[PDB]
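Engineer: Pasting a structure below so you can have a look.
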Amino acid sequence: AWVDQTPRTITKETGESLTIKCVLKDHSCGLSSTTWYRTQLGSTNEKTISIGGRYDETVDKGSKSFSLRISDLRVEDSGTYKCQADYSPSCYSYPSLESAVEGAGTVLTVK
């Protein structure tokens, strides 16, 4: 299993929107949950993104893909974005019991 994250590099203007797409690849079952992270340009700390406000997530099990949309881009949205997909190696047949894979990241530059 691995996650394909697109786009890997992008520049946007303020007030524009970004959609990042992650698709879980080479796995026999669906993903069990997703998480999005941000490290703002200039900083070293990875923050977990809460979905709500200007952040919108759409999970499409079927294509096994999950997408993050950020509205009304601000200059301070600049940074690296990462997606994580949780999954069971055994498709949960073995009790509990998980692993995760993450996308390559998206380097966003606003304005």
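Naming scheme: A, B, ... for chains in displayed order of the structure tokens; residues 1 onward per chain; ligands 1 onward as shown.
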Skipping near chain neighbours, those fewer than 2 positions away, what residues fall within 12 Å of residue 59 (chain A) using only C-alpha atoms, listed as a list in words?
Structural biologist: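 My list of contacting residues is residues 20, 21, 22, 23, 24, 30, 31, 32, 33, 34, 35, 56, 57, 61, 62, 63, 64, 65, 66, 67, 68, 69 and 85 of chain A.
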Engineer: Can you spit out the residues from that selection as a PDB file, in the first residue's frame, using N, CA and C atoms?
Structural biologist:
ATOM      1  N   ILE A  20      -6.304  19.199  -2.971  1.00  0.00           N
ATOM      2  CA  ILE A  20      -5.283  18.154  -3.001  1.00  0.00           C
ATOM      3  C   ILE A  20      -5.960  16.795  -3.017  1.00  0.00           C
ATOM      4  N   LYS A  21      -5.504  15.899  -3.899  1.00  0.00           N
ATOM      5  CA  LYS A  21      -6.073  14.539  -4.004  1.00  0.00           C
ATOM      6  C   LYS A  21      -5.076  13.490  -3.551  1.00  0.00           C
ATOM      7  N   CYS A  22      -5.538  12.599  -2.684  1.00  0.00           N
ATOM      8  CA  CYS A  22      -4.780  11.440  -2.285  1.00  0.00           C
ATOM      9  C   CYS A  22      -5.575  10.198  -2.645  1.00  0.00           C
ATOM     10  N   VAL A  23      -4.914   9.231  -3.263  1.00  0.00           N
ATOM     11  CA  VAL A  23      -5.561   7.954  -3.548  1.00  0.00           C
ATOM     12  C   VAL A  23      -4.717   6.785  -3.007  1.00  0.00           C
ATOM     13  N   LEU A  24      -5.372   5.891  -2.269  1.00  0.00           N
ATOM     14  CA  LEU A  24      -4.713   4.729  -1.697  1.00  0.00           C
ATOM     15  C   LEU A  24      -4.534   3.686  -2.797  1.00  0.00           C
ATOM     16  N   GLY A  30     -10.656  -0.988   1.415  1.00  0.00           N
ATOM     17  CA  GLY A  30     -10.779   0.470   1.478  1.00  0.00           C
ATOM     18  C   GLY A  30      -9.881   1.053   2.547  1.00  0.00           C
ATOM     19  N   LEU A  31      -9.810   2.381   2.628  1.00  0.00           N
ATOM     20  CA  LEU A  31      -9.115   2.997   3.775  1.00  0.00           C
ATOM     21  C   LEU A  31     -10.083   3.149   4.938  1.00  0.00           C
ATOM     22  N   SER A  32      -9.544   3.161   6.149  1.00  0.00           N
ATOM     23  CA  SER A  32     -10.340   3.120   7.373  1.00  0.00           C
ATOM     24  C   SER A  32     -10.538   4.495   7.995  1.00  0.00           C
ATOM     25  N   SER A  33      -9.579   5.385   7.754  1.00  0.00           N
ATOM     26  CA  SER A  33      -9.665   6.793   8.131  1.00  0.00           C
ATOM     27  C   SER A  33      -8.495   7.587   7.543  1.00  0.00           C
ATOM     28  N   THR A  34      -8.657   8.905   7.531  1.00  0.00           N
ATOM     29  CA  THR A  34      -7.722   9.824   6.924  1.00  0.00           C
ATOM     30  C   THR A  34      -7.356  10.959   7.881  1.00  0.00           C
ATOM     31  N   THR A  35      -6.176  11.542   7.673  1.00  0.00           N
ATOM     32  CA  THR A  35      -5.724  12.695   8.450  1.00  0.00           C
ATOM     33  C   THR A  35      -4.922  13.588   7.521  1.00  0.00           C
ATOM     34  N   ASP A  56     -12.193  21.580   3.735  1.00  0.00           N
ATOM     35  CA  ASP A  56     -13.264  20.643   3.377  1.00  0.00           C
ATOM     36  C   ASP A  56     -12.665  19.308   2.888  1.00  0.00           C
ATOM     37  N   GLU A  57     -13.119  18.200   3.458  1.00  0.00           N
ATOM     38  CA  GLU A  57     -12.662  16.896   3.009  1.00  0.00           C
ATOM     39  C   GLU A  57     -13.780  16.090   2.341  1.00  0.00           C
ATOM     40  N   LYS A  61     -14.805   6.509  -1.165  1.00  0.00           N
ATOM     41  CA  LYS A  61     -14.522   5.068  -1.178  1.00  0.00           C
ATOM     42  C   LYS A  61     -15.213   4.498  -2.412  1.00  0.00           C
ATOM     43  N   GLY A  62     -14.456   3.777  -3.225  1.00  0.00           N
ATOM     44  CA  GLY A  62     -14.915   3.420  -4.564  1.00  0.00           C
ATOM     45  C   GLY A  62     -13.770   3.675  -5.520  1.00  0.00           C
ATOM     46  N   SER A  63     -13.241   4.898  -5.474  1.00  0.00           N
ATOM     47  CA  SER A  63     -11.940   5.193  -6.071  1.00  0.00           C
ATOM     48  C   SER A  63     -10.858   5.133  -4.990  1.00  0.00           C
ATOM     49  N   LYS A  64     -11.285   4.922  -3.737  1.00  0.00           N
ATOM     50  CA  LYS A  64     -10.388   4.856  -2.570  1.00  0.00           C
ATOM     51  C   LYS A  64      -9.595   6.155  -2.420  1.00  0.00           C
ATOM     52  N   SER A  65     -10.229   7.260  -2.802  1.00  0.00           N
ATOM     53  CA  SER A  65      -9.556   8.537  -2.873  1.00  0.00           C
ATOM     54  C   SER A  65     -10.171   9.473  -1.860  1.00  0.00           C
ATOM     55  N   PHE A  66      -9.347  10.352  -1.299  1.00  0.00           N
ATOM     56  CA  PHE A  66      -9.812  11.384  -0.377  1.00  0.00           C
ATOM     57  C   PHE A  66      -9.156  12.695  -0.744  1.00  0.00           C
ATOM     58  N   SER A  67      -9.928  13.771  -0.665  1.00  0.00           N
ATOM     59  CA  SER A  67      -9.469  15.061  -1.158  1.00  0.00           C
ATOM     60  C   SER A  67      -9.643  16.153  -0.119  1.00  0.00           C
ATOM     61  N   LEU A  68      -8.709  17.096  -0.098  1.00  0.00           N
ATOM     62  CA  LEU A  68      -8.803  18.247   0.787  1.00  0.00           C
ATOM     63  C   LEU A  68      -8.915  19.513  -0.046  1.00  0.00           C
ATOM     64  N   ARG A  69      -9.943  20.301   0.236  1.00  0.00           N
ATOM     65  CA  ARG A  69     -10.106  21.568  -0.420  1.00  0.00           C
ATOM     66  C   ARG A  69      -9.945  22.728   0.569  1.00  0.00           C
ATOM     67  N   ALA A  85      -3.396   7.869   5.289  1.00  0.00           N
ATOM     68  CA  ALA A  85      -4.492   6.904   5.211  1.00  0.00           C
ATOM     69  C   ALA A  85      -4.206   5.730   6.139  1.00  0.00           C
TER      70      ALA A  85
END
Engineer: Between A:26, A:16, A:46, A:98, which is the closest to residue 83 (chain A) once you count only C-alpha atoms?
Structural biologist: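 Looking only at the distances to residue 83 (chain A), the closest residue turns out to be A:46.
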Engineer: Would you pick out the contacts of residue 75 (chain A) at 7 Å or less, using only C-alpha atoms, so that residues sharing its chain but fewer than 2 positions from it are not included, and give the list as a PyMOL selection string?
Structural biologist: chain A and resi 14+73+77-78+110-111
Engineer: Those selected residues, please, written with C-alpha atoms and delivered as a PDB file, in the first residue's frame.
Structural biologist:
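Output saved as again-v7.pdb:
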ATOM      1  CA  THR A  14      -4.580  34.810  -2.613  1.00  0.00           C
ATOM      2  CA  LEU A  73      -6.155  30.951   0.125  1.00  0.00           C
ATOM      3  CA  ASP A  77      -1.505  28.940   3.952  1.00  0.00           C
ATOM      4  CA  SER A  78       1.926  28.545   2.268  1.00  0.00           C
ATOM      5  CA  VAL A 110       0.409  31.356  -1.935  1.00  0.00           C
ATOM      6  CA  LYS A 111       0.980  34.498  -4.012  1.00  0.00           C
TER       7      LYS A 111
END
Engineer: Fewer than 2 positions away in the same chain doesn't count, so skip those; otherwise give me all residues within 12 Å of region 92-97 of chain A, counting only C-alpha atoms, as a list in words.
Structural biologist: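 Skipping anything fewer than 2 positions along the chain leaves residues 28, 29, 30, 31, 32, 86, 87, 88, 89, 90, 99 and 100 of chain A.
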Engineer: Please report, as number ranges by chain, each residue of region 12-73 of chain A to which DSSP assigns strand (DSSP E) when run on this structure's backbone.
Structural biologist: A: 12, 18-25, 33-40, 47-48, 55-60, 65-70
Engineer: Please list as a PDB file with N, CA, C and O atoms, in the first residue's frame every residue within 10 Å of residue 49 (chain A), counting only C-alpha atoms and excluding residues in the same chain fewer than 2 positions away.
Structural biologist:
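Dumped to selection_22.pdb:
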ATOM      1  N   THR A  35      -6.176  11.542   7.673  1.00  0.00           N
ATOM      2  CA  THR A  35      -5.724  12.695   8.450  1.00  0.00           C
ATOM      3  C   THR A  35      -4.922  13.588   7.521  1.00  0.00           C
ATOM      4  O   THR A  35      -4.237  13.090   6.623  1.00  0.00           O
ATOM      5  N   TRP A  36      -5.037  14.900   7.736  1.00  0.00           N
ATOM      6  CA  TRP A  36      -4.326  15.915   6.970  1.00  0.00           C
ATOM      7  C   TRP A  36      -3.466  16.754   7.912  1.00  0.00           C
ATOM      8  O   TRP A  36      -3.893  17.100   9.044  1.00  0.00           O
ATOM      9  N   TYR A  37      -2.254  17.064   7.452  1.00  0.00           N
ATOM     10  CA  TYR A  37      -1.279  17.819   8.239  1.00  0.00           C
ATOM     11  C   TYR A  37      -0.713  18.963   7.422  1.00  0.00           C
ATOM     12  O   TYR A  37      -0.679  18.898   6.193  1.00  0.00           O
ATOM     13  N   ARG A  38      -0.247  19.986   8.123  1.00  0.00           N
ATOM     14  CA  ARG A  38       0.317  21.198   7.527  1.00  0.00           C
ATOM     15  C   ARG A  38       1.579  21.603   8.298  1.00  0.00           C
ATOM     16  O   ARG A  38       1.550  21.690   9.522  1.00  0.00           O
ATOM     17  N   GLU A  46       4.589  20.388  12.532  1.00  0.00           N
ATOM     18  CA  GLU A  46       3.493  19.816  11.780  1.00  0.00           C
ATOM     19  C   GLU A  46       2.214  19.886  12.590  1.00  0.00           C
ATOM     20  O   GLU A  46       2.123  19.329  13.691  1.00  0.00           O
ATOM     21  N   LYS A  47       1.227  20.588  12.049  1.00  0.00           N
ATOM     22  CA  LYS A  47      -0.061  20.691  12.706  1.00  0.00           C
ATOM     23  C   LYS A  47      -1.050  19.756  12.030  1.00  0.00           C
ATOM     24  O   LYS A  47      -1.010  19.598  10.820  1.00  0.00           O
ATOM     25  N   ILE A  51     -10.945  19.364  10.061  1.00  0.00           N
ATOM     26  CA  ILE A  51     -11.829  19.625   8.925  1.00  0.00           C
ATOM     27  C   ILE A  51     -13.020  20.474   9.386  1.00  0.00           C
ATOM     28  O   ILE A  51     -13.659  20.176  10.399  1.00  0.00           O
ATOM     29  N   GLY A  52     -13.279  21.555   8.658  1.00  0.00           N
ATOM     30  CA  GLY A  52     -14.218  22.581   9.100  1.00  0.00           C
ATOM     31  C   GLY A  52     -13.669  23.922   8.711  1.00  0.00           C
ATOM     32  O   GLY A  52     -12.492  24.033   8.390  1.00  0.00           O
ATOM     33  N   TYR A  55     -11.391  24.527   5.482  1.00  0.00           N
ATOM     34  CA  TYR A  55     -10.957  23.173   5.073  1.00  0.00           C
ATOM     35  C   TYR A  55     -12.160  22.257   4.879  1.00  0.00           C
ATOM     36  O   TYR A  55     -13.035  22.189   5.750  1.00  0.00           O
ATOM     37  N   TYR A  81       1.766  20.289   2.662  1.00  0.00           N
ATOM     38  CA  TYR A  81       0.593  19.544   3.104  1.00  0.00           C
ATOM     39  C   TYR A  81       0.789  18.040   2.904  1.00  0.00           C
ATOM     40  O   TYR A  81       1.339  17.596   1.900  1.00  0.00           O
ATOM     41  N   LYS A  82       0.341  17.268   3.883  1.00  0.00           N
ATOM     42  CA  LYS A  82       0.495  15.826   3.866  1.00  0.00           C
ATOM     43  C   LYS A  82      -0.845  15.170   4.212  1.00  0.00           C
ATOM     44  O   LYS A  82      -1.601  15.691   5.041  1.00  0.00           O
ATOM     45  N   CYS A  83      -1.128  14.037   3.568  1.00  0.00           N
ATOM     46  CA  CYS A  83      -2.281  13.207   3.887  1.00  0.00           C
ATOM     47  C   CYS A  83      -1.838  11.841   4.426  1.00  0.00           C
ATOM     48  O   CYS A  83      -0.847  11.303   3.982  1.00  0.00           O
TER      49      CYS A  83
END
Engineer: CA of residue 9 (chain A) and CA of residue 79 (chain A) are how many Å apart?
Structural biologist: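 Taking CA of residue 9 (chain A) as the start and CA of residue 79 (chain A) as the end point, the length is 10.5 Å.
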Engineer: So that I can check the surroundings of residue 7 (chain A), please list as a ChimeraX atom specification every protein, DNA and RNA residue that reaches within 10 Å of it, counting only C-alpha atoms and ignoring chain neighbours fewer than 6 positions away.
Structural biologist: /A:18-22,104-108
Engineer: Using CA of residue 53 (chain A) and CA of residue 40 (chain A) as the two end points, give the distance in Å to one decimal.
Structural biologist: 17.8 Å
